[PDB]
>>> print(open('start_34.txt').read())   # compact mmCIF, C-alpha atoms
# COMPACT_ATOMS: atom_id res chain seq x y z
CA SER A 9 12.04 -1.53 -20.28
CA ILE A 10 11.40 -4.92 -18.65
CA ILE A 11 14.10 -7.54 -18.02
CA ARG A 12 14.13 -11.11 -16.73
CA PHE A 13 16.51 -13.21 -14.67
CA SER A 14 15.78 -16.58 -13.04
CA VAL A 15 15.52 -17.35 -9.32
CA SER A 16 16.72 -20.54 -7.66
CA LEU A 17 14.90 -21.91 -4.62
CA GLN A 18 13.83 -25.02 -2.73
CA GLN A 19 10.55 -26.91 -3.17
CA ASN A 20 9.47 -25.91 0.36
CA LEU A 21 9.76 -22.20 -0.38
CA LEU A 22 8.13 -22.60 -3.79
CA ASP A 23 5.17 -24.40 -2.21
CA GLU A 24 4.65 -21.62 0.33
CA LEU A 25 4.94 -19.00 -2.43
CA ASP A 26 2.48 -20.72 -4.77
CA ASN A 27 0.01 -21.31 -1.93
CA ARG A 28 0.03 -17.62 -1.05
CA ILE A 29 -0.32 -16.53 -4.68
CA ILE A 30 -3.43 -18.69 -5.07
CA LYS A 31 -4.82 -17.70 -1.68
CA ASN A 32 -4.39 -13.93 -2.10
CA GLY A 33 -5.01 -13.79 -5.84
CA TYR A 34 -1.62 -12.54 -6.99
CA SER A 35 -1.47 -12.55 -10.80
CA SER A 36 1.95 -14.26 -10.91
CA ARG A 37 5.19 -15.05 -9.08
CA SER A 38 6.95 -12.14 -10.78
CA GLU A 39 4.22 -9.80 -9.54
CA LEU A 40 4.73 -10.73 -5.88
CA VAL A 41 8.49 -10.23 -6.25
CA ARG A 42 7.98 -6.89 -8.02
CA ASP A 43 5.63 -5.68 -5.28
CA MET A 44 8.12 -6.62 -2.57
CA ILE A 45 11.01 -4.95 -4.43
CA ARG A 46 8.88 -1.82 -4.76
CA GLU A 47 7.98 -2.14 -1.07
CA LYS A 48 11.64 -2.29 -0.06
CA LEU A 49 12.31 0.68 -2.33
CA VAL A 50 9.66 2.92 -0.76
CA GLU A 51 10.02 1.52 2.77
CA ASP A 52 10.78 3.86 5.68
CA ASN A 53 14.55 4.06 6.07
CA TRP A 54 17.47 6.16 7.27
CA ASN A 58 24.84 10.00 4.59
CA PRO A 59 28.56 9.88 5.51
CA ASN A 60 30.86 7.56 7.41
CA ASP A 61 28.88 8.79 10.40
CA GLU A 62 30.08 6.35 13.04
CA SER A 63 27.17 7.17 15.37
CA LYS A 64 24.34 5.32 13.61
CA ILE A 65 22.16 3.28 15.97
CA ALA A 66 20.43 0.02 15.05
CA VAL A 67 18.74 -2.96 16.67
CA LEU A 68 19.43 -6.52 15.55
CA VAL A 69 16.83 -9.14 16.40
CA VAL A 70 18.07 -12.73 16.38
CA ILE A 71 16.40 -16.07 17.06
CA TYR A 72 18.80 -18.96 17.53
CA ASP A 73 19.36 -22.38 19.07
CA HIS A 74 21.14 -21.51 22.33
CA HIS A 75 22.40 -25.10 22.64
CA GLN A 76 24.98 -24.22 19.98
CA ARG A 77 28.34 -24.38 21.77
CA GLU A 78 30.12 -21.77 19.64
CA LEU A 79 27.33 -19.68 18.07
CA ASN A 80 27.58 -16.93 20.71
CA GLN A 81 31.31 -16.46 20.20
CA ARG A 82 30.85 -16.32 16.42
CA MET A 83 28.34 -13.49 16.64
CA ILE A 84 30.72 -11.59 18.92
CA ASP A 85 33.59 -12.04 16.47
CA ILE A 86 31.43 -10.83 13.58
CA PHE A 87 30.56 -7.65 15.47
CA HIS A 88 34.19 -7.08 16.45
CA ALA A 89 35.44 -7.64 12.91
CA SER A 90 32.78 -5.26 11.55
CA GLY A 91 34.03 -2.50 13.85
CA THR A 92 30.49 -2.14 15.19
CA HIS A 93 29.93 -1.44 18.89
CA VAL A 94 27.44 -3.40 21.00
CA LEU A 95 25.93 -1.02 23.54
CA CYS A 96 23.54 -3.54 25.04
CA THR A 97 22.14 -7.04 24.56
CA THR A 98 19.17 -8.96 25.95
CA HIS A 99 18.67 -12.71 25.69
CA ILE A 100 15.39 -14.36 26.54
CA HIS A 101 14.95 -18.11 26.38
CA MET A 102 11.60 -18.71 24.65
CA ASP A 103 11.76 -22.53 24.90
CA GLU A 104 14.28 -25.38 25.29
CA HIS A 105 15.46 -24.81 21.71
CA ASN A 106 15.15 -21.10 21.01
CA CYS A 107 16.60 -17.88 22.41
CA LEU A 108 15.50 -14.48 21.14
CA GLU A 109 18.17 -11.79 21.38
CA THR A 110 17.98 -8.04 20.91
CA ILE A 111 21.27 -6.32 20.13
CA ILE A 112 21.70 -2.56 20.33
CA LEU A 113 24.39 -1.58 17.83
CA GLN A 114 26.38 1.55 17.03
CA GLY A 115 28.64 2.07 14.03
CA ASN A 116 28.71 3.30 10.43
CA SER A 117 25.94 2.76 7.88
CA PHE A 118 27.86 0.44 5.54
CA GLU A 119 29.00 -1.98 8.25
CA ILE A 120 25.65 -2.19 10.06
CA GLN A 121 23.73 -3.00 6.87
CA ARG A 122 25.77 -6.18 6.30
CA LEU A 123 25.25 -7.69 9.78
CA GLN A 124 21.76 -9.12 9.15
CA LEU A 125 22.99 -11.45 6.41
CA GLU A 126 26.21 -12.44 8.19
CA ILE A 127 24.44 -13.35 11.43
CA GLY A 128 21.50 -14.88 9.59
CA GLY A 129 23.80 -17.30 7.77
CA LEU A 130 25.38 -18.69 10.93
CA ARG A 131 24.30 -22.25 11.72
CA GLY A 132 21.91 -22.29 14.66
CA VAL A 133 20.45 -18.92 13.66
CA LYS A 134 16.81 -19.24 12.59
CA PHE A 135 15.90 -15.58 12.19
CA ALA A 136 17.76 -12.28 11.88
CA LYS A 137 16.31 -8.83 11.23
CA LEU A 138 17.99 -5.47 11.65
CA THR A 139 16.20 -2.23 12.46
CA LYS A 140 17.77 1.12 11.67
CA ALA A 141 17.17 3.65 14.45
CA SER A 142 16.54 6.99 12.73
CA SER B 9 16.53 -30.41 -5.90
CA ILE B 10 16.43 -26.83 -7.15
CA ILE B 11 13.75 -25.01 -9.11
CA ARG B 12 14.04 -21.80 -11.08
CA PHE B 13 11.25 -19.53 -12.23
CA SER B 14 11.72 -16.34 -14.20
CA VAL B 15 11.06 -12.87 -12.84
CA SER B 16 10.23 -10.00 -15.20
CA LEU B 17 11.26 -6.54 -13.99
CA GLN B 18 11.43 -2.92 -15.04
CA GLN B 19 15.08 -1.79 -15.16
CA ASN B 20 14.64 0.57 -12.20
CA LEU B 21 13.35 -2.26 -10.00
CA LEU B 22 16.26 -4.45 -11.09
CA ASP B 23 18.58 -1.57 -10.24
CA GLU B 24 17.12 -1.37 -6.74
CA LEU B 25 17.60 -5.12 -6.40
CA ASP B 26 21.21 -4.92 -7.58
CA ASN B 27 22.02 -1.92 -5.39
CA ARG B 28 20.72 -3.74 -2.30
CA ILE B 29 22.74 -6.86 -3.13
CA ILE B 30 25.96 -4.86 -2.96
CA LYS B 31 24.86 -2.81 0.06
CA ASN B 32 23.82 -5.76 2.22
CA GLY B 33 26.37 -8.24 0.89
CA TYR B 34 24.06 -10.70 -0.84
CA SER B 35 25.82 -13.23 -3.06
CA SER B 36 23.26 -13.20 -5.86
CA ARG B 37 19.89 -11.97 -7.07
CA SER B 38 18.44 -15.37 -6.22
CA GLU B 39 19.51 -15.19 -2.57
CA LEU B 40 18.04 -11.70 -2.17
CA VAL B 41 14.81 -12.65 -3.93
CA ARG B 42 14.44 -15.70 -1.68
CA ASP B 43 14.89 -13.46 1.35
CA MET B 44 12.30 -11.01 0.02
CA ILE B 45 9.84 -13.82 -0.71
CA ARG B 46 10.22 -15.14 2.84
CA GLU B 47 9.72 -11.67 4.30
CA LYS B 48 6.70 -11.07 2.07
CA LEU B 49 5.15 -14.39 3.05
CA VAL B 50 5.45 -13.43 6.73
CA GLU B 51 3.72 -10.10 6.04
CA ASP B 52 0.85 -11.73 4.17
CA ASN B 53 0.64 -14.32 6.98
CA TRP B 54 0.32 -11.55 9.56
CA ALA B 55 -2.14 -9.82 7.24
CA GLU B 56 -4.61 -12.62 7.91
CA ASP B 57 -7.23 -11.74 10.52
CA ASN B 58 -6.72 -14.75 12.81
CA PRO B 59 -8.14 -13.66 16.19
CA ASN B 60 -7.52 -17.06 17.80
CA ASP B 61 -3.87 -17.37 16.72
CA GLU B 62 -2.12 -15.70 19.65
CA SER B 63 1.24 -17.39 19.04
CA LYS B 64 2.87 -14.62 17.01
CA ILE B 65 6.14 -13.14 18.25
CA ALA B 66 7.29 -9.61 17.49
CA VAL B 67 9.77 -7.03 18.73
CA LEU B 68 8.67 -3.40 18.88
CA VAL B 69 11.55 -0.93 18.78
CA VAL B 70 10.84 2.51 20.21
CA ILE B 71 12.85 5.68 20.69
CA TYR B 72 11.12 8.23 22.91
CA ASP B 73 11.75 11.24 25.14
CA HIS B 74 11.18 10.15 28.75
CA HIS B 75 10.84 13.83 29.68
CA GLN B 76 7.56 14.17 27.77
CA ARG B 77 4.90 14.66 30.44
CA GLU B 78 2.54 11.69 30.95
CA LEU B 79 4.13 9.79 28.04
CA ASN B 80 5.37 6.94 30.25
CA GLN B 81 1.99 6.54 31.94
CA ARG B 82 0.26 6.84 28.56
CA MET B 83 2.41 4.00 27.22
CA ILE B 84 1.64 1.99 30.38
CA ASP B 85 -2.08 2.62 29.85
CA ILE B 86 -1.79 1.34 26.28
CA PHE B 87 -0.06 -1.91 27.27
CA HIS B 88 -2.54 -2.62 30.09
CA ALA B 89 -5.40 -2.09 27.60
CA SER B 90 -3.61 -4.41 25.16
CA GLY B 91 -4.47 -8.09 24.80
CA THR B 92 -0.88 -8.88 23.85
CA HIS B 93 1.56 -10.47 26.27
CA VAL B 94 4.79 -8.63 26.97
CA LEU B 95 7.50 -11.25 27.47
CA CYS B 96 10.33 -8.83 28.08
CA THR B 97 11.32 -5.18 27.69
CA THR B 98 14.70 -3.48 27.78
CA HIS B 99 15.05 0.26 28.29
CA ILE B 100 18.37 1.92 27.44
CA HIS B 101 19.20 5.56 28.13
CA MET B 102 20.72 7.10 25.00
CA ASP B 103 20.97 10.73 26.09
CA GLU B 104 18.98 13.34 28.04
CA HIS B 105 16.08 13.31 25.57
CA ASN B 106 16.28 9.83 24.03
CA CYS B 107 15.41 6.44 25.48
CA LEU B 108 15.60 3.33 23.32
CA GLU B 109 13.30 0.46 24.22
CA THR B 110 12.91 -3.01 22.75
CA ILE B 111 9.62 -4.73 23.55
CA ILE B 112 9.20 -8.46 22.98
CA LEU B 113 5.53 -9.29 22.47
CA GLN B 114 3.31 -12.33 21.94
CA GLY B 115 -0.30 -12.43 20.75
CA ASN B 116 -2.37 -12.18 17.58
CA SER B 117 -1.51 -9.85 14.68
CA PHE B 118 -4.47 -7.55 15.30
CA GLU B 119 -3.45 -6.74 18.88
CA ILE B 120 0.26 -6.49 18.08
CA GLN B 121 -0.25 -4.04 15.19
CA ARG B 122 -2.88 -2.05 17.09
CA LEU B 123 -0.21 -1.71 19.78
CA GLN B 124 2.37 -0.55 17.24
CA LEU B 125 -0.14 1.92 15.80
CA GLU B 126 -1.07 3.38 19.19
CA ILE B 127 2.52 3.73 20.40
CA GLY B 128 3.77 5.21 17.14
CA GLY B 129 1.15 7.95 17.19
CA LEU B 130 2.31 9.31 20.54
CA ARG B 131 3.82 12.75 21.14
CA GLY B 132 7.44 12.31 22.20
CA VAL B 133 7.78 9.01 20.35
CA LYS B 134 10.36 9.68 17.65
CA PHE B 135 10.58 6.15 16.29
CA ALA B 136 8.50 2.97 16.35
CA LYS B 137 9.19 -0.07 14.16
CA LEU B 138 7.95 -3.67 14.41
CA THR B 139 9.93 -6.84 13.70
CA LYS B 140 7.78 -9.85 12.80
CA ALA B 141 9.37 -13.16 13.81
>>> encode(input="start_34.txt", output="structure tokens")
Amino acid sequence: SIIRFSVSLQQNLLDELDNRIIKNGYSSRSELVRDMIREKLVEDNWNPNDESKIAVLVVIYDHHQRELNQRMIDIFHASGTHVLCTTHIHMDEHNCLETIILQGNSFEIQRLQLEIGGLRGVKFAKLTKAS
Amino acid sequence: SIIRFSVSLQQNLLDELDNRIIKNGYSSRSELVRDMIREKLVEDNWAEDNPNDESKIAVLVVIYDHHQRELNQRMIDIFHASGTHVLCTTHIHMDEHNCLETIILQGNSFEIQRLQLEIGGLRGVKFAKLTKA
């Protein structure tokens, strides 16, 4: 049984999507989304309230932001997740790439990527589950 | 300033979408789909064989046993043979038999993925995953 729902997005993202569909010969927009959903479904991945799960969060952000760093800290503290180690490299005047080694439970860790990614100043956020 | 297109899905795919929304704390199907589209576009972008585009940034995450004989040197050999530029690496000691390492790389997609492939296929390497920026 097939269902449909509509997706909202900006012109910029739609342009990039349509360009790729033409370029790679995707049959439709739905097809690309289906394939990615399937991909996420079958993708390598890691259970209880095991509080010993390890993960790595990768974050690219504008390090000029006066309060961004404190906000990330507060989000980790609120989540009850432990930061074992962090590394910041400045890639250019604007951008810092940070790797964050995390430890906590599965539920909490899986919600960090979106929280951090939504902070203003943050340009990229991607979590990796160590398993 | 917003556009909507329809997506047609088998129920089981929609279920996977909906399950992930709740798991990761997405606010809607639209937000998650946008995220997926972005991630997919990056993949396809990296899937292009652009030898001359050496501007790509990635982080390789590796868990390995530092006790494995010659593994360290073997990994060193691989990086020296690699055309990628290592910007920074951090090694953290987890326990006796587990070291976690994050490797920040720059180069073209061919070299970066060849590196991932070669490291991941090593004895003593438990885990190897690449983040495409």
>>> interface_residues(input="start_34.txt", of="chain B", to="chain A", cutoff="8 Å", atoms="only C-alpha atoms", output="ChimeraX atom specification")
/B:9-19,21-22,24-25,31-34,37-39,41-42,44-46,48-49,52,67,69,71,96,98,100,110,135,137,139,141
>>> atom_distance(input="start_34.txt", atom1="atom CA of residue 128 of chain A", atom2="atom CA of residue 92 of chain A")
16.6 Å
>>> closest_residue(input="start_34.txt", among="B:134, B:82, B:88, B:93", to="residue 106 of chain B", atoms="all atoms listed in the file")
B:134
>>> atom_distance(input="start_34.txt", atom1="atom CA of residue 106 of chain A", atom2="atom CA of residue 63 of chain B")
14.5 Å
>>> atom_distance(input="start_34.txt", atom1="atom CA of residue 75 of chain A", atom2="atom CA of residue 62 of chain B")
26.4 Å
>>> residues_around(input="start_34.txt", residues="residue 136 of chain B", least_positions_apart="3", cutoff="8 Å", atoms="only C-alpha atoms", output="VMD selection string")
chain B and resid 68 to 71 124 127 to 128 133
>>> closest_residue(input="start_34.txt", among="A:115, A:132, A:59, A:33", to="residue 87 of chain A", atoms="only C-alpha atoms")
A:115
>>> build_atoms(input="start_34.txt", residues="segment 69-104 of chain A", atoms="N, CA and C atoms", output="PDB file, keeping the file's coordinate frame")
ATOM      1  N   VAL A  69      17.624  -8.110  15.750  1.00  0.00           N
ATOM      2  CA  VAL A  69      16.830  -9.140  16.400  1.00  0.00           C
ATOM      3  C   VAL A  69      17.250 -10.505  15.867  1.00  0.00           C
ATOM      4  N   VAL A  70      17.583 -11.417  16.774  1.00  0.00           N
ATOM      5  CA  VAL A  70      18.070 -12.730  16.380  1.00  0.00           C
ATOM      6  C   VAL A  70      17.401 -13.854  17.160  1.00  0.00           C
ATOM      7  N   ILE A  71      16.903 -14.851  16.436  1.00  0.00           N
ATOM      8  CA  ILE A  71      16.400 -16.070  17.060  1.00  0.00           C
ATOM      9  C   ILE A  71      17.343 -17.207  16.721  1.00  0.00           C
ATOM     10  N   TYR A  72      17.838 -17.891  17.747  1.00  0.00           N
ATOM     11  CA  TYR A  72      18.800 -18.960  17.530  1.00  0.00           C
ATOM     12  C   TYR A  72      18.695 -20.085  18.547  1.00  0.00           C
ATOM     13  N   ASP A  73      19.266 -21.227  18.183  1.00  0.00           N
ATOM     14  CA  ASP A  73      19.360 -22.380  19.070  1.00  0.00           C
ATOM     15  C   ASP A  73      20.484 -22.133  20.073  1.00  0.00           C
ATOM     16  N   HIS A  74      20.125 -21.844  21.321  1.00  0.00           N
ATOM     17  CA  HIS A  74      21.140 -21.510  22.330  1.00  0.00           C
ATOM     18  C   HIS A  74      21.928 -22.715  22.840  1.00  0.00           C
ATOM     19  N   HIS A  75      21.643 -23.896  22.296  1.00  0.00           N
ATOM     20  CA  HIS A  75      22.400 -25.100  22.640  1.00  0.00           C
ATOM     21  C   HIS A  75      23.736 -25.088  21.907  1.00  0.00           C
ATOM     22  N   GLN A  76      23.761 -24.389  20.774  1.00  0.00           N
ATOM     23  CA  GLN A  76      24.980 -24.220  19.980  1.00  0.00           C
ATOM     24  C   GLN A  76      26.151 -23.799  20.874  1.00  0.00           C
ATOM     25  N   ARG A  77      27.206 -24.611  20.883  1.00  0.00           N
ATOM     26  CA  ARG A  77      28.340 -24.380  21.770  1.00  0.00           C
ATOM     27  C   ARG A  77      29.170 -23.146  21.412  1.00  0.00           C
ATOM     28  N   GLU A  78      29.226 -22.817  20.123  1.00  0.00           N
ATOM     29  CA  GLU A  78      30.120 -21.770  19.640  1.00  0.00           C
ATOM     30  C   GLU A  78      29.418 -20.607  18.934  1.00  0.00           C
ATOM     31  N   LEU A  79      28.106 -20.725  18.746  1.00  0.00           N
ATOM     32  CA  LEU A  79      27.330 -19.680  18.070  1.00  0.00           C
ATOM     33  C   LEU A  79      27.523 -18.292  18.691  1.00  0.00           C
ATOM     34  N   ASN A  80      27.446 -18.212  20.017  1.00  0.00           N
ATOM     35  CA  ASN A  80      27.580 -16.930  20.710  1.00  0.00           C
ATOM     36  C   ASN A  80      28.907 -16.242  20.439  1.00  0.00           C
ATOM     37  N   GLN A  81      29.987 -17.016  20.441  1.00  0.00           N
ATOM     38  CA  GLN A  81      31.310 -16.460  20.200  1.00  0.00           C
ATOM     39  C   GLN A  81      31.443 -15.981  18.753  1.00  0.00           C
ATOM     40  N   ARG A  82      30.774 -16.669  17.831  1.00  0.00           N
ATOM     41  CA  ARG A  82      30.850 -16.320  16.420  1.00  0.00           C
ATOM     42  C   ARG A  82      30.185 -14.977  16.147  1.00  0.00           C
ATOM     43  N   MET A  83      29.043 -14.752  16.785  1.00  0.00           N
ATOM     44  CA  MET A  83      28.340 -13.490  16.640  1.00  0.00           C
ATOM     45  C   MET A  83      29.216 -12.354  17.156  1.00  0.00           C
ATOM     46  N   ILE A  84      29.785 -12.550  18.341  1.00  0.00           N
ATOM     47  CA  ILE A  84      30.720 -11.590  18.920  1.00  0.00           C
ATOM     48  C   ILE A  84      31.841 -11.230  17.953  1.00  0.00           C
ATOM     49  N   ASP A  85      32.471 -12.249  17.376  1.00  0.00           N
ATOM     50  CA  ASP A  85      33.590 -12.040  16.470  1.00  0.00           C
ATOM     51  C   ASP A  85      33.177 -11.283  15.211  1.00  0.00           C
ATOM     52  N   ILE A  86      31.947 -11.508  14.766  1.00  0.00           N
ATOM     53  CA  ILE A  86      31.430 -10.830  13.580  1.00  0.00           C
ATOM     54  C   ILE A  86      31.223  -9.347  13.858  1.00  0.00           C
ATOM     55  N   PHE A  87      30.751  -9.036  15.060  1.00  0.00           N
ATOM     56  CA  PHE A  87      30.560  -7.650  15.470  1.00  0.00           C
ATOM     57  C   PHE A  87      31.902  -6.950  15.642  1.00  0.00           C
ATOM     58  N   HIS A  88      32.865  -7.653  16.230  1.00  0.00           N
ATOM     59  CA  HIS A  88      34.190  -7.080  16.450  1.00  0.00           C
ATOM     60  C   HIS A  88      34.912  -6.820  15.138  1.00  0.00           C
ATOM     61  N   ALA A  89      34.819  -7.777  14.224  1.00  0.00           N
ATOM     62  CA  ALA A  89      35.440  -7.640  12.910  1.00  0.00           C
ATOM     63  C   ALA A  89      34.818  -6.477  12.132  1.00  0.00           C
ATOM     64  N   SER A  90      33.512  -6.283  12.295  1.00  0.00           N
ATOM     65  CA  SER A  90      32.780  -5.260  11.550  1.00  0.00           C
ATOM     66  C   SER A  90      33.107  -3.858  12.059  1.00  0.00           C
ATOM     67  N   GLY A  91      33.718  -3.783  13.237  1.00  0.00           N
ATOM     68  CA  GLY A  91      34.030  -2.500  13.850  1.00  0.00           C
ATOM     69  C   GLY A  91      32.801  -1.843  14.449  1.00  0.00           C
ATOM     70  N   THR A  92      31.735  -2.626  14.606  1.00  0.00           N
ATOM     71  CA  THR A  92      30.490  -2.140  15.190  1.00  0.00           C
ATOM     72  C   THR A  92      30.504  -2.332  16.709  1.00  0.00           C
ATOM     73  N   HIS A  93      29.954  -1.367  17.439  1.00  0.00           N
ATOM     74  CA  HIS A  93      29.930  -1.440  18.890  1.00  0.00           C
ATOM     75  C   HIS A  93      28.585  -1.943  19.413  1.00  0.00           C
ATOM     76  N   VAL A  94      28.641  -2.886  20.349  1.00  0.00           N
ATOM     77  CA  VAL A  94      27.440  -3.400  21.000  1.00  0.00           C
ATOM     78  C   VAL A  94      27.246  -2.644  22.307  1.00  0.00           C
ATOM     79  N   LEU A  95      26.212  -1.811  22.356  1.00  0.00           N
ATOM     80  CA  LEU A  95      25.930  -1.020  23.540  1.00  0.00           C
ATOM     81  C   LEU A  95      25.238  -1.863  24.597  1.00  0.00           C
ATOM     82  N   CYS A  96      24.378  -2.766  24.141  1.00  0.00           N
ATOM     83  CA  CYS A  96      23.540  -3.540  25.040  1.00  0.00           C
ATOM     84  C   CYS A  96      22.917  -4.747  24.347  1.00  0.00           C
ATOM     85  N   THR A  97      22.802  -5.853  25.077  1.00  0.00           N
ATOM     86  CA  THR A  97      22.140  -7.040  24.560  1.00  0.00           C
ATOM     87  C   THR A  97      21.175  -7.630  25.582  1.00  0.00           C
ATOM     88  N   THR A  98      20.120  -8.266  25.086  1.00  0.00           N
ATOM     89  CA  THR A  98      19.170  -8.960  25.950  1.00  0.00           C
ATOM     90  C   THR A  98      18.823 -10.312  25.345  1.00  0.00           C
ATOM     91  N   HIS A  99      19.043 -11.369  26.117  1.00  0.00           N
ATOM     92  CA  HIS A  99      18.670 -12.710  25.690  1.00  0.00           C
ATOM     93  C   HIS A  99      17.490 -13.187  26.519  1.00  0.00           C
ATOM     94  N   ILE A 100      16.427 -13.617  25.851  1.00  0.00           N
ATOM     95  CA  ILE A 100      15.390 -14.360  26.540  1.00  0.00           C
ATOM     96  C   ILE A 100      15.291 -15.754  25.942  1.00  0.00           C
ATOM     97  N   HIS A 101      15.196 -16.751  26.813  1.00  0.00           N
ATOM     98  CA  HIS A 101      14.950 -18.110  26.380  1.00  0.00           C
ATOM     99  C   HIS A 101      13.439 -18.290  26.217  1.00  0.00           C
ATOM    100  N   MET A 102      13.014 -18.580  24.989  1.00  0.00           N
ATOM    101  CA  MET A 102      11.600 -18.710  24.650  1.00  0.00           C
ATOM    102  C   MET A 102      11.103 -20.151  24.856  1.00  0.00           C
ATOM    103  N   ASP A 103      11.991 -21.112  24.600  1.00  0.00           N
ATOM    104  CA  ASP A 103      11.760 -22.530  24.900  1.00  0.00           C
ATOM    105  C   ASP A 103      13.097 -23.271  24.976  1.00  0.00           C
ATOM    106  N   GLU A 104      13.054 -24.580  25.218  1.00  0.00           N
ATOM    107  CA  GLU A 104      14.280 -25.380  25.290  1.00  0.00           C
ATOM    108  C   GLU A 104      15.227 -25.103  24.122  1.00  0.00           C
TER     109      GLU A 104
END
